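Participant: After the C-alpha cells below, expect a handful of questions from me.
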Amino acid sequence: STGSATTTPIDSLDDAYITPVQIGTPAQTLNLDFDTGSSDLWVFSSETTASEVXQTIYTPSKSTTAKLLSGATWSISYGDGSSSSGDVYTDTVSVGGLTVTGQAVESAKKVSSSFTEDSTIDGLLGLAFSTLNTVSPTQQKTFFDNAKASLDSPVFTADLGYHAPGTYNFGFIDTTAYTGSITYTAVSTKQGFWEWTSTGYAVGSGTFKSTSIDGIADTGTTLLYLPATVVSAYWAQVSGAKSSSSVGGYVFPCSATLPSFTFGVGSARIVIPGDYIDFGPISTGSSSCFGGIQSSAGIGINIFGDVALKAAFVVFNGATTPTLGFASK
Ligand SMILES: CC[C@H](C)CNC(=O)CP(=O)(O)[C@H](CC(C)C)NC(=O)[C@H](Cc1c[nH]c[nH+]1)NC(=O)[C@H](Cc1ccccc1)NC(=O)OC(C)(C)C
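Convert by adding 26 to the 1-based position in the sequence shown; the result is the number in the working numbering.
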C-alpha cells in the first residue's frame with residue numbers, strides 16, 4: 027500500500043505546516059503538525075480542559091473502533107517551552123489513503139498557552155524514532171513504524187513548499203518531484219533523532235569550507251540553527267545585518283537582496299535561495315526583518331528546520347539501518 031497527502035503553511039510566514047489526518051469510525055478529520063523532531067501522535071479532545079480549547083477535537087466515545095489503553099499516561103515538553111499531557115486510546119488512523127489499525131492516539135487532558143493560542147493546529151504527528159515516545163509504562167510506536175509491514179517500501183518523503191502547498195508521501199519515491207539524483211548519508215539514532223553530519227558550507231558565491239556539522243532533520247522547527255562562527259560568516263556578507271539582544275537574533279533591512287547559503291551532503295550540494303533566508307518583518311510594516319539562519323549556541327544542537335528542508339526533496343529511509351536522502355528540486 028501507499029499514501030499521499032497535501033501539507034499547507036498555517037500563515038503567511040511559513041511558521042509551520044498542517045496535514046489532514048482521519049481518526050476513528052466514522053472518520054473524524056483533524057489538521058496535525060507532522061514533526062520529524064518528536065515521536066508522539068497527540069490531539070485536542072473531548073477530554074481537554076474547556077478553558078484551554080479555542081481547534082477541531084477528537085471524541086473517542088463517537089468512534090466504534092476506539093479502545094482505552096488501560097494504565098497508560100503521557101507528558102511532553104518542547105524546546106520552545108510548550109507542553110501537554112493526558113491518557114491513551116488505540117484507533118484506526120488514515121493519512122492520504124494509507125490506513126493503520128491499532129495506532130496509539132494520545133488524548134490531551136491539558137495543553138500549554140502557546141497551543142491554545144494557535145487556532146490552526148489540532149495536535150502533532152511525530153515521525154522521529156519510537157525511543158523518544160513519552161507514553162508510560164510502555165512506549166508506543168509512531169504511525170510510520172506501524173505502517174512499515176504493509177508499505178510498498180519502508181520510506182516516507184517530505185516536499186515542503188515556499189509560501190505554497192506541498193506533499194508528504196508514504197511507501198514510494200515520486201521520481202517527477204525532484205531534479206538530478208538523491209544522495210544518501212548515514213544516520214545516528216543514539217539520541218532518537220534523524221541525526222547526520224553535513225560535510226561543510228559556502229556563503230553566496232564564495233568558497234566551500236570543509237568543516238563537519240553534526241545536526242538533526244526537524245520538520246517541527248521553523249528556522250536553520252548552525253554554529254556561531256558559521257552564522258557570523260553568513261551575516262558578515264549582509265551590510266545592514268546586526269545581532270539584536272532585545273529582538274533575540276540577527277536582524278537586517280527588509281530591502282536587502284540576501285546571498286544564498288549552500289550545505290554539503292557527502293559530495294553533493296543543496297542551495298538555499300537568499301529569499302528563503304528572509305523570514306519576514308519583525309512586525310507588519312516594519313523596515314527591519316528577522317533572519318532565517320541563527321546561532322545554535324543557546325539550543326546546544328544544530329537544527330536543519332523548515333528554512334533548509336523546504337529547499338530540498340527529503341527521503342526518510344526507515345530500513346533497519348536508516349539513512350537520509352537529499353535531492354535538489
Ligand atoms: C521528546 C521531546 C522532543 C525531543 C522534543 N523535540 C523538540 O522540542 C523539537 P520539535 O521540532 O519537536 C518542536 C515542535 C513544536 C510544535 C513545539 N519545535 C520547537 O520547540 C521549536 C524550538 C526548538 C527546537 N529545538 C530547540 N528549540 N519551535 C519552533 O521552531 C516554532 C514552531 C511553531 C511555530 C508556529 C506554530 C507552532 C509551532 N517556531 C518559532 O519559535 O519560530 C520563531 C523563532 C520564528 C518565532
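Note that CB positions come from ideal geometry on N, CA and C, so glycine has one too.
Using a Cβ-based criterion (distance less than 8 Å to any ligand heavy atom), does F169 qualify as near ligand 1?
Facilitator: Translated into the one-based positions of the sequence shown, residue 169 becomes position 143. Incorrect: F169 has no Cβ contact closer than 8 Å to ligand 1.
Participant: Closer than 8 Å to a non-hydrogen atom of ligand 1 - does that hold for the CB of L250?
Facilitator: By one-based count along the sequence shown, residue 250 stands at place 224. False, no ligand heavy atom lies under 8 Å from that Cβ.
Participant: Measure the alpha-carbon distance for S314 versus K268 and round it to whole angstroms.
Facilitator: Along the sequence shown, read from residue 1 onward, the residue named residue 314 stands at position 288. Along the sequence shown, read from residue 1 onward, the residue named residue 268 stands at position 242. Cα-Cα distance, rounded: 11 Å.
Participant: Measure the Cβ-Cβ separation of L153 and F141 and say whether it is below 9 Å.
Facilitator: Here residue 153 refers to the residue found at position 127 when the sequence shown is read from its first residue. Here residue 141 refers to the residue found at position 115 when the sequence shown is read from its first residue. It is not a contact, given that the beta carbons lie outside the stated cut-off.
Participant: Give the list of continuous beta strand (DSSP E) stretches no shorter than 3 residues that lie fully inside the stretch 196-250.
Facilitator: Here the runs fully enclosed are 209-212, 221-224, 227-229 and 239-243.
Participant: Helix, strand or coil for residue 12 per DSSP?
Facilitator: Residue 12 lies beyond the residue range present for the chain, which begins at 27 and ends at 355; the question has no answer from this structure.
Participant: Take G29 and list the residues in its own chain whose beta-carbon comes closer than 6 Å to its own, dropping the five residues that flank it on each side.
Facilitator: Locating residue 29 in the sequence shown gives position 3, counting from the first residue. Taken in chain order, the residues that qualify are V121, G122, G123, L124 and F196.
Participant: Tell me whether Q217 is buried or exposed, calling it buried when 16 or more other Cβ atoms sit within 10 Å of its Cβ.
Facilitator: The residue you call residue 217 lines up with position 191 of the sequence shown. With fewer than 16 other Cβ atoms within 10 Å, it is exposed.
Participant: Taking only the alpha-carbon atoms, compute the straight-line gap between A294 and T209 and give it to the nearest angstrom.
Facilitator: If you number the sequence shown from 1, residue 294 lands on position 268. If you number the sequence shown from 1, residue 209 lands on position 183. Going by the C-alpha atoms only, they are around 7 Å apart.
Participant: Output needed for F352: all residues of its chain with C-beta closer than 8 Å, excluding positions within five of it in sequence on either side, in chain order.
Facilitator: The sequence position of residue 352 within the sequence shown is 326, counting from 1. Taken in chain order, the residues that qualify are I208, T209, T211, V291, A294, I296, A338, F339, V340 and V341.
Participant: Residues bridged to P307 by DSSP?
Facilitator: Against the sequence shown, residue 307 aligns to sequence position 281. DSSP lists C315 as partners of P307.
Participant: Comparing alpha-carbon positions, which option in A175, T205, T74 and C280 lies nearest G311?
Facilitator: The residue labelled residue 311 in the question sits at position 285 within the sequence shown. Looking at the Cα atoms, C280 is the closest of the given residues.
Participant: Please work out which residues of its chain come closer than 6 Å, Cβ to Cβ, to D185, disregarding the five sequence neighbours upstream and downstream, and give them in chain order.
Facilitator: As a first step, residue 185 must be located in the sequence shown, where it is residue number 159. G192, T193, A203 and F339.
Participant: Return the bridge partner residues of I325 from the DSSP annotation.
Facilitator: Residue numbering aside, residue 325 sits at position 299 when the sequence shown is read from its first letter. Its beta-bridge partners do not exist; DSSP assigns none.
Participant: Excluding the five sequence neighbours on either side, which residues of its own chain have a C-beta within less than 6 Å of the C-beta of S103, listed in chain order?
Facilitator: Within the sequence shown, the letter at position 77 stands for residue 103. Contacts found: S109.
Participant: For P86, which three-state DSSP category applies?
Facilitator: The residue labelled residue 86 in the question sits at position 60 within the sequence shown. Three-state DSSP puts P86 in a helix.
Participant: By alpha-carbon positions, which one of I239, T215, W220 and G232 ends up nearest to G226?
Facilitator: What you label residue 226 is simply residue 200 of the sequence shown in a count that begins at 1. Ranking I239, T215, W220 and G232 by Cα distance to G226 puts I239 first.
Participant: Within 10 angstroms of its Cβ, does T247 collect 16 or more other Cβ (buried), or is it exposed?
Facilitator: Here residue 247 corresponds to residue number 221 of the sequence shown, with the count starting at 1. With 16 or more Cβ atoms within 10 Å of its Cβ, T247 is classed as buried.
Participant: Would you mind stating whether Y260 and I319 have Cβ atoms separated by less than 9 Å?
Facilitator: Indexing the sequence shown from 1 puts residue 260 at position 234. Indexing the sequence shown from 1 puts residue 319 at position 293. Yes, these two residues count as a Cβ contact at 9 Å.
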